[PDB]
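Visitor: Contents of target.csv (CSV, C-alpha atoms) are given next:
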```csv
chain,number,residue,atom,x,y,z
A,1,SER,CA,0.0,0.0,0.0
A,2,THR,CA,0.8,3.7,-0.3
A,3,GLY,CA,-0.6,7.0,0.8
A,4,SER,CA,-0.1,10.5,-0.6
A,5,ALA,CA,-1.5,13.7,1.0
A,6,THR,CA,-1.0,17.4,0.4
A,7,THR,CA,0.4,19.4,3.2
A,8,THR,CA,-0.4,23.2,3.4
A,9,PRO,CA,1.3,26.1,5.2
A,10,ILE,CA,-1.0,27.4,8.0
A,11,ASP,CA,-0.1,31.0,7.2
A,12,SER,CA,1.9,33.3,5.0
A,13,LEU,CA,5.2,32.6,6.9
A,14,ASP,CA,5.1,28.8,6.8
A,15,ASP,CA,4.9,28.7,10.6
A,16,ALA,CA,3.7,25.1,10.3
A,17,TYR,CA,2.0,22.8,7.8
A,18,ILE,CA,-1.3,21.0,8.1
A,19,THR,CA,-2.2,17.7,6.4
A,20,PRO,CA,-5.8,16.4,6.3
A,21,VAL,CA,-6.3,13.1,8.2
A,22,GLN,CA,-9.4,10.9,8.2
A,23,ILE,CA,-10.3,9.6,11.7
A,24,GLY,CA,-13.1,7.2,12.5
A,25,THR,CA,-16.2,5.9,10.8
A,26,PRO,CA,-17.8,7.8,9.1
A,27,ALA,CA,-14.6,9.8,8.5
A,28,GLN,CA,-13.9,12.8,10.6
A,29,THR,CA,-11.3,14.9,8.8
A,30,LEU,CA,-8.9,16.9,11.0
A,31,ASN,CA,-6.0,19.0,9.8
A,32,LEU,CA,-3.0,17.7,11.7
A,33,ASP,CA,0.6,18.9,12.0
A,34,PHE,CA,2.8,16.0,10.9
A,35,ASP,CA,5.7,16.1,13.3
A,36,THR,CA,8.8,14.0,12.7
A,37,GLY,CA,10.1,15.3,16.1
A,38,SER,CA,7.4,13.6,18.2
A,39,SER,CA,5.5,10.4,18.4
A,40,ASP,CA,2.0,11.1,19.6
A,41,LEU,CA,-1.1,11.4,17.3
A,42,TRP,CA,-3.3,13.7,19.4
A,43,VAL,CA,-6.4,15.6,18.4
A,44,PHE,CA,-8.7,18.3,19.7
A,45,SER,CA,-11.8,16.5,20.6
A,46,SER,CA,-15.2,16.5,22.2
A,47,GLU,CA,-13.4,15.9,25.5
A,48,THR,CA,-11.2,19.1,25.2
A,49,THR,CA,-11.9,21.7,27.9
A,50,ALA,CA,-14.3,24.0,26.1
A,51,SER,CA,-12.5,27.2,26.9
A,52,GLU,CA,-9.4,25.7,25.3
A,53,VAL,CA,-11.1,25.2,22.0
A,54,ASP,CA,-11.2,28.2,19.7
A,55,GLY,CA,-12.0,27.3,16.1
A,56,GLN,CA,-10.4,23.9,15.8
A,57,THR,CA,-12.1,20.9,14.3
A,58,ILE,CA,-12.7,18.3,16.9
A,59,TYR,CA,-12.8,14.5,16.9
A,60,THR,CA,-15.9,13.1,18.5
A,61,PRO,CA,-15.2,9.5,19.3
A,62,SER,CA,-18.8,8.8,20.3
A,63,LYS,CA,-19.8,9.5,16.7
A,64,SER,CA,-17.3,6.9,15.3
A,65,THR,CA,-18.6,3.4,15.1
A,66,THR,CA,-15.0,2.1,15.1
A,67,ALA,CA,-13.7,4.1,18.0
A,68,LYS,CA,-12.9,2.1,21.2
A,69,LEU,CA,-11.7,3.6,24.5
A,70,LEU,CA,-8.3,2.3,25.3
A,71,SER,CA,-9.1,1.5,28.9
A,72,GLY,CA,-6.8,3.1,31.4
A,73,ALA,CA,-4.6,4.8,28.9
A,74,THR,CA,-3.6,8.4,29.4
A,75,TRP,CA,-1.1,10.7,27.7
A,76,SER,CA,0.7,13.9,28.4
A,77,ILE,CA,3.3,15.7,26.4
A,78,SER,CA,5.5,18.8,26.6
A,79,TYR,CA,7.1,20.3,23.6
A,80,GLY,CA,10.4,22.2,23.2
A,81,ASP,CA,8.6,25.5,23.0
A,82,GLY,CA,6.9,25.0,26.3
A,83,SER,CA,3.6,24.0,24.9
A,84,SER,CA,1.7,20.9,26.1
A,85,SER,CA,-1.4,18.8,25.9
A,86,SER,CA,-2.8,15.7,27.6
A,87,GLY,CA,-5.8,13.4,27.7
A,88,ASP,CA,-7.0,9.9,27.2
A,89,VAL,CA,-6.8,7.5,24.3
A,90,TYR,CA,-9.0,5.8,21.7
A,91,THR,CA,-8.2,3.4,19.0
A,92,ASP,CA,-9.8,4.1,15.7
A,93,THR,CA,-9.3,3.9,12.0
A,94,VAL,CA,-7.0,6.6,10.7
A,95,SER,CA,-6.3,7.3,7.0
A,96,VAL,CA,-3.8,9.6,5.4
A,97,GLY,CA,-3.9,10.2,1.7
A,98,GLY,CA,-5.6,6.9,0.9
A,99,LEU,CA,-3.4,4.9,3.4
A,100,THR,CA,-5.5,3.3,6.2
A,101,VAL,CA,-4.4,2.0,9.6
A,102,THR,CA,-6.9,0.2,11.8
A,103,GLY,CA,-6.5,0.3,15.5
A,104,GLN,CA,-4.4,3.5,15.5
A,105,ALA,CA,-4.0,5.1,18.9
A,106,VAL,CA,-5.8,8.4,18.7
A,107,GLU,CA,-4.9,10.5,21.7
A,108,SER,CA,-7.9,12.7,22.7
A,109,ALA,CA,-7.0,16.0,24.3
A,110,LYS,CA,-8.7,16.9,27.6
A,111,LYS,CA,-6.3,19.8,28.0
A,112,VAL,CA,-4.1,21.9,25.6
A,113,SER,CA,-1.9,24.8,26.4
A,114,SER,CA,-2.6,28.3,25.2
A,115,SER,CA,-0.5,28.2,22.0
A,116,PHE,CA,-2.5,25.3,20.7
A,117,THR,CA,-5.8,27.0,21.6
A,118,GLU,CA,-4.6,30.2,19.9
A,119,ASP,CA,-3.9,28.3,16.7
A,120,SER,CA,-7.2,27.7,15.1
A,121,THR,CA,-5.7,26.0,12.0
A,122,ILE,CA,-4.1,23.0,13.8
A,123,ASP,CA,-6.5,20.3,14.9
A,124,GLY,CA,-3.8,18.2,16.4
A,125,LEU,CA,-0.4,16.5,15.7
A,126,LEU,CA,0.6,13.3,14.0
A,127,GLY,CA,3.9,12.2,15.3
A,128,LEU,CA,6.4,10.5,13.0
A,129,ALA,CA,9.4,10.2,15.2
A,130,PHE,CA,10.2,6.8,16.7
A,131,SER,CA,7.5,5.1,18.8
A,132,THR,CA,9.9,4.9,21.8
A,133,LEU,CA,9.0,8.6,22.4
A,134,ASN,CA,5.3,7.9,22.5
A,135,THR,CA,3.8,9.2,25.8
A,136,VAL,CA,0.9,6.9,26.3
A,137,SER,CA,0.8,5.2,29.7
A,138,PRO,CA,0.8,2.5,30.9
A,139,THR,CA,1.0,0.9,27.5
A,140,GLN,CA,3.1,2.9,25.0
A,141,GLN,CA,1.5,3.2,21.6
A,142,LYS,CA,2.9,3.0,18.0
A,143,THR,CA,3.0,5.9,15.5
A,144,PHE,CA,0.9,5.9,12.4
A,145,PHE,CA,4.0,5.1,10.3
A,146,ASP,CA,5.0,2.3,12.6
A,147,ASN,CA,1.5,0.7,12.3
A,148,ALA,CA,1.5,1.2,8.5
A,149,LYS,CA,5.0,0.1,7.9
A,150,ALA,CA,4.6,-3.6,7.2
A,151,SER,CA,1.7,-2.9,4.8
A,152,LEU,CA,3.7,-0.3,2.8
A,153,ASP,CA,5.3,-1.1,-0.6
A,154,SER,CA,8.5,0.2,0.9
A,155,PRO,CA,9.0,1.1,4.6
A,156,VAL,CA,9.4,4.8,4.0
A,157,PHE,CA,7.7,8.1,4.1
A,158,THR,CA,8.8,11.3,2.4
A,159,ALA,CA,8.4,15.0,3.3
A,160,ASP,CA,8.3,17.5,0.5
A,161,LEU,CA,7.4,20.8,2.1
A,162,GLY,CA,6.7,23.9,0.0
A,163,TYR,CA,8.0,27.4,0.4
A,164,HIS,CA,5.0,29.6,0.7
A,165,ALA,CA,3.1,26.8,-1.1
A,166,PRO,CA,1.6,23.3,-0.6
A,167,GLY,CA,3.7,20.2,-0.6
A,168,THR,CA,3.4,16.5,-0.1
A,169,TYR,CA,3.7,13.7,2.4
A,170,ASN,CA,4.1,10.3,0.8
A,171,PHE,CA,3.9,7.0,2.5
A,172,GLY,CA,5.4,3.8,1.1
A,173,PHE,CA,7.1,5.1,-2.1
A,174,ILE,CA,9.6,7.6,-3.4
A,175,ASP,CA,8.2,9.9,-6.1
A,176,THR,CA,11.2,10.1,-8.4
A,177,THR,CA,9.6,13.1,-10.2
A,178,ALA,CA,9.6,15.1,-7.0
A,179,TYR,CA,13.3,15.9,-6.8
A,180,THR,CA,16.3,16.7,-9.0
A,181,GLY,CA,19.6,14.8,-9.1
A,182,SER,CA,20.0,11.9,-6.7
A,183,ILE,CA,19.0,11.3,-3.1
A,184,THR,CA,21.9,11.2,-0.7
A,185,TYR,CA,21.4,8.9,2.2
A,186,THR,CA,23.0,9.5,5.6
A,187,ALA,CA,23.1,7.5,8.9
A,188,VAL,CA,20.5,7.9,11.6
A,189,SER,CA,20.7,7.4,15.3
A,190,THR,CA,17.5,6.4,17.0
A,191,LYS,CA,19.0,6.5,20.5
A,192,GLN,CA,17.1,9.6,21.4
A,193,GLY,CA,14.0,8.6,19.5
A,194,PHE,CA,14.5,11.2,16.8
A,195,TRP,CA,15.5,11.1,13.1
A,196,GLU,CA,19.0,12.2,14.3
A,197,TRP,CA,21.8,12.5,11.8
A,198,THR,CA,25.0,14.4,11.2
A,199,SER,CA,25.4,17.1,8.7
A,200,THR,CA,28.8,17.4,7.1
A,201,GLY,CA,29.0,21.2,7.3
A,202,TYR,CA,27.7,24.5,6.0
A,203,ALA,CA,28.3,27.5,3.8
A,204,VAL,CA,26.9,31.1,4.0
A,205,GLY,CA,25.8,32.6,0.8
A,206,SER,CA,28.5,32.2,-1.8
A,207,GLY,CA,31.1,31.5,0.9
A,208,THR,CA,33.4,28.5,1.1
A,209,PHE,CA,32.0,25.3,2.6
A,210,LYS,CA,33.1,24.7,6.2
A,211,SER,CA,33.5,20.9,6.8
A,212,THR,CA,32.3,20.3,10.3
A,213,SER,CA,30.0,17.7,11.8
A,214,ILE,CA,26.7,19.0,13.0
A,215,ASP,CA,24.5,16.4,14.8
A,216,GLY,CA,20.8,17.3,14.6
A,217,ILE,CA,17.3,16.1,14.0
A,218,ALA,CA,15.1,16.2,11.0
A,219,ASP,CA,12.0,17.8,12.5
A,220,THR,CA,9.0,18.8,10.4
A,221,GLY,CA,7.2,20.0,13.5
A,222,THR,CA,9.7,22.8,14.2
A,223,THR,CA,9.5,25.9,12.1
A,224,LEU,CA,13.0,27.2,12.1
A,225,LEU,CA,16.6,26.0,11.7
A,226,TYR,CA,18.4,25.8,15.0
A,227,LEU,CA,22.2,25.4,14.8
A,228,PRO,CA,25.2,26.0,17.0
A,229,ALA,CA,25.9,29.6,18.0
A,230,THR,CA,29.1,29.7,16.0
A,231,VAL,CA,27.3,28.7,12.8
A,232,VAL,CA,24.4,31.1,13.4
A,233,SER,CA,26.7,34.0,14.2
A,234,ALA,CA,28.6,33.3,11.0
A,235,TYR,CA,25.4,33.5,9.0
A,236,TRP,CA,23.9,36.7,10.5
A,237,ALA,CA,27.3,38.4,10.3
A,238,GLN,CA,26.7,38.6,6.6
A,239,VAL,CA,23.5,40.6,7.1
A,240,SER,CA,24.0,44.2,7.7
A,241,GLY,CA,22.2,45.3,10.9
A,242,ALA,CA,21.4,41.8,12.1
A,243,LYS,CA,21.7,41.2,15.8
A,244,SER,CA,20.7,38.8,18.5
A,245,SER,CA,17.9,40.3,20.6
A,246,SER,CA,17.2,38.8,24.0
A,247,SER,CA,14.0,40.9,24.2
A,248,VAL,CA,12.7,39.4,21.0
A,249,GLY,CA,14.3,36.0,21.7
A,250,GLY,CA,16.7,35.5,18.8
A,251,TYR,CA,18.3,37.0,15.8
A,252,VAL,CA,16.5,39.8,14.1
A,253,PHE,CA,17.4,41.7,11.0
A,254,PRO,CA,16.3,44.8,9.0
A,255,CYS,CA,13.3,43.9,6.9
A,256,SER,CA,15.0,45.8,4.1
A,257,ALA,CA,17.7,43.2,3.9
A,258,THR,CA,18.2,40.7,1.2
A,259,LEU,CA,19.3,37.5,3.0
A,260,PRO,CA,22.1,35.2,1.9
A,261,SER,CA,21.4,31.6,1.3
A,262,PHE,CA,22.5,28.9,3.7
A,263,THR,CA,23.9,25.6,2.5
A,264,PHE,CA,24.1,22.5,4.6
A,265,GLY,CA,26.0,19.3,3.9
A,266,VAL,CA,24.5,15.8,3.5
A,267,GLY,CA,27.5,13.6,3.0
A,268,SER,CA,29.2,14.9,-0.1
A,269,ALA,CA,26.0,16.6,-1.3
A,270,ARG,CA,24.7,20.1,-0.5
A,271,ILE,CA,21.3,21.5,0.2
A,272,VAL,CA,20.9,25.2,-0.5
A,273,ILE,CA,18.3,27.1,1.5
A,274,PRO,CA,17.5,30.3,-0.4
A,275,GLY,CA,17.8,33.5,1.6
A,276,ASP,CA,14.1,34.2,1.2
A,277,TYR,CA,13.3,31.0,3.2
A,278,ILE,CA,15.1,32.5,6.2
A,279,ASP,CA,12.8,35.6,6.5
A,280,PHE,CA,10.0,35.2,9.0
A,281,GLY,CA,8.8,38.8,8.8
A,282,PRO,CA,8.2,41.6,11.2
A,283,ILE,CA,8.7,40.8,14.8
A,284,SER,CA,5.4,42.6,15.4
A,285,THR,CA,2.9,44.0,13.0
A,286,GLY,CA,4.2,47.0,11.2
A,287,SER,CA,7.8,46.6,12.6
A,288,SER,CA,10.8,47.0,10.3
A,289,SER,CA,12.7,44.5,12.4
A,290,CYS,CA,12.3,41.0,11.0
A,291,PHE,CA,12.7,37.7,12.7
A,292,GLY,CA,15.4,35.3,11.4
A,293,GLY,CA,14.8,31.8,10.3
A,294,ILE,CA,18.1,30.5,11.5
A,295,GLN,CA,18.5,30.6,15.2
A,296,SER,CA,20.9,29.4,17.9
A,297,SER,CA,20.3,25.9,19.4
A,298,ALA,CA,22.3,26.9,22.5
A,299,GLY,CA,20.1,26.1,25.4
A,300,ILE,CA,17.8,23.8,23.4
A,301,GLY,CA,20.4,21.0,23.8
A,302,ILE,CA,20.0,19.7,20.3
A,303,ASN,CA,20.3,21.1,16.8
A,304,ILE,CA,17.1,21.1,14.8
A,305,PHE,CA,16.8,20.9,11.1
A,306,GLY,CA,13.3,22.3,11.1
A,307,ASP,CA,11.0,23.4,8.2
A,308,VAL,CA,13.4,26.1,7.1
A,309,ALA,CA,15.9,23.5,6.2
A,310,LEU,CA,13.7,20.6,5.2
A,311,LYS,CA,11.5,22.6,2.8
A,312,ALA,CA,14.7,23.2,0.7
A,313,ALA,CA,14.8,19.4,0.1
A,314,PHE,CA,13.0,16.3,-0.8
A,315,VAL,CA,13.5,14.2,2.4
A,316,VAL,CA,13.2,10.5,2.7
A,317,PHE,CA,12.5,9.1,6.2
A,318,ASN,CA,13.6,5.5,5.6
A,319,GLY,CA,12.2,3.2,8.3
A,320,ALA,CA,14.0,0.0,7.2
A,321,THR,CA,15.4,-2.2,10.0
A,322,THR,CA,18.4,0.2,10.1
A,323,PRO,CA,16.8,3.6,9.6
A,324,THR,CA,18.4,6.3,7.4
A,325,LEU,CA,17.6,9.7,6.1
A,326,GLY,CA,17.8,10.8,2.4
A,327,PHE,CA,18.0,14.3,1.1
A,328,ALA,CA,17.7,15.5,-2.5
A,329,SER,CA,17.5,19.0,-4.0
A,330,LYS,CA,14.3,19.8,-5.8
```
Show the structure stored in the file as structure tokens.
Guide:
Amino acid sequence: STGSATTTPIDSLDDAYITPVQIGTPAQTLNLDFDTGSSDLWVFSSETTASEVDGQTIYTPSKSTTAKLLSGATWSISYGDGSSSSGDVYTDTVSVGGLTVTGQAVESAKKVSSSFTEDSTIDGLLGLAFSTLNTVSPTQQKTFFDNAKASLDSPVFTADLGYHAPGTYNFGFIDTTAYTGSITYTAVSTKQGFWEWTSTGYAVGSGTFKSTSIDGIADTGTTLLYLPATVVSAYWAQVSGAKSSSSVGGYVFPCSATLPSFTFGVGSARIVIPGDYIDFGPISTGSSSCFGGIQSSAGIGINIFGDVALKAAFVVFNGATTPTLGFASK
């Protein structure tokens, strides 16, 4: 089997991407944030504290003939930005782009933190990191991908995020028309439950490539590119007027600037992030100070190849017995 679904930016900045997901019988379609940095499939629901729902589409398990309460199971998750959600668990039929999993753990939110409430466009998350990070207790649950894997033509999914445009998540096959050149594969460590890999270095604009190992995670659920302070400083030094602002919480730059590209290494190959991808617009409405798309990972404790990086590539999440990551230009 295979699946193929379009993923769409939630706003003009590509702050996140939503992908339609069919849950239950009859189908209830929710727009979920596919997140290769976490491993819970959770949804706004009929059980969500009413004051914490503001425009999201909710899953109502009582209206699904295939929903079954997973007795005793609870979940609770905290994300790197300080947001959180928690609740109980159903199993139900979940389909993505024509690909169907029966008995998928659907984590029903009883509580969500303010940033989820305040984002009316995201109805939940669909985790695609390794199932070892799944927060369901006392019986940990498998991701959608993990459940689908055996049925897939090939045990892979691919992320093809658009810049200011829709893209595609495919399951079970590699669309050879979706990228240019060849796919370069690179080793993955699953020891932290992430799609963790080592970039071979970077360049800023037309500058020379610096060969240096950068361990990080391929994370579709993170907006920006978080890299070591040395790297990030070298990037923003090429932008006149750019500075790190503690009050804003990162590098800002004059909105009048033309940003240089940023290249990262995948083995001997190179992925080029165009400068425009690194502009996340005024820090506040009407401001001429713009927020940078490359930020320091210092104090996060991990480097994160988020959407800014991933949207410059066709990315293969290879879930073979020994997982690997593939990157191609596109």
Visitor: Using all atoms listed in the file, find the one residue out of A:36, A:25, A:86, A:318 that sits nearest to residue A:62.
Guide: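 Of A:36, A:25, A:86, A:318, the one nearest residue A:62 is A:25, counting all atoms listed in the file.
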Visitor: List the neighbours of stretch 224-238 of chain A out to 9 Å using only C-alpha atoms; skip same-chain residues closer than 6 positions along the sequence, and give me the result as a count of residues only.
Guide: 33
Visitor: Could you tell me how far atom CA of residue A:187 lies from atom CA of residue A:315, in Å and to one decimal?
Guide: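 Atom CA of residue A:315 lies at a distance of 13.4 Å from atom CA of residue A:187.
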Visitor: Write out as a list in words which residues come within 10 Å of residue A:79 when counting all atoms listed in the file, dropping same-chain ones fewer than 3 positions away.
Guide: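 The residues satisfying every condition are residues 37, 38, 82, 83, 84 and 85 of chain A.
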Visitor: Pick the closest to residue A:20 from A:96, A:239, A:69, A:89: which is it, counting all atoms listed in the file?
Guide: A:96
Visitor: Give me, as a list in words, all polymer residues having an atom no more than 9 Å from residue A:52, counting only C-alpha atoms and skipping those fewer than 3 positions away in the same chain.
Guide: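 With the cut-off at 9 Å, the set is residues 48, 49, 111, 112, 113, 114, 116, 117 and 118 of chain A.
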Visitor: List every protein, DNA or RNA residue that has at least one atom no more than 10 Å from (-6.1, 2.8, 5.2) in the file's coordinates, counting all atoms listed in the file, and write the result as a compact mmCIF listing (two decimals) with C-alpha atoms, in the frame of the given file.
Guide:
```
# COMPACT_ATOMS: atom_id res chain seq x y z
CA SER A 1 0.00 0.00 0.00
CA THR A 2 0.80 3.70 -0.30
CA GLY A 3 -0.60 7.00 0.80
CA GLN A 22 -9.40 10.90 8.20
CA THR A 93 -9.30 3.90 12.00
CA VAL A 94 -7.00 6.60 10.70
CA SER A 95 -6.30 7.30 7.00
CA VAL A 96 -3.80 9.60 5.40
CA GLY A 97 -3.90 10.20 1.70
CA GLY A 98 -5.60 6.90 0.90
CA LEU A 99 -3.40 4.90 3.40
CA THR A 100 -5.50 3.30 6.20
CA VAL A 101 -4.40 2.00 9.60
CA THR A 102 -6.90 0.20 11.80
CA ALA A 148 1.50 1.20 8.50
CA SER A 151 1.70 -2.90 4.80
```
Visitor: From the list A:263, A:212, A:31, A:288, which residue is nearest residue A:241 when using only C-alpha atoms?
Guide: A:288
Visitor: Kindly indicate which residue among A:285, A:104, A:213, A:135 lies nearest to residue A:201, using all atoms listed in the file for the distances.
Guide: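 Closest candidate: A:213.
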Visitor: Could you tell me how far atom CA of residue A:162 sits from atom CA of residue A:184, in Å to one decimal place?
Guide: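 Rounded to one decimal, the two atoms are 19.8 Å apart.
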Visitor: Suppose you want the space between atom CA of residue A:17 and atom CA of residue A:165; what is it in Å?
Guide: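 Computed distance, atom CA of residue A:17 to atom CA of residue A:165, equals 9.8 Å.
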Visitor: Name the closest residue to residue A:314 among the candidates A:208, A:265, A:185, A:179; distances are taken between atoms, counting all atoms listed in the file.
Guide: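 Checking each of A:208, A:265, A:185, A:179 against residue A:314, counting all atoms listed in the file, the winner is A:179.
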Visitor: I'd like the contact shell of residue A:134 - 7 Å cut-off, only C-alpha atoms, skipping same-chain residues fewer than 5 positions apart - returned as an MDAnalysis selection string.
Guide: chainID A and resid 39:40 140:141
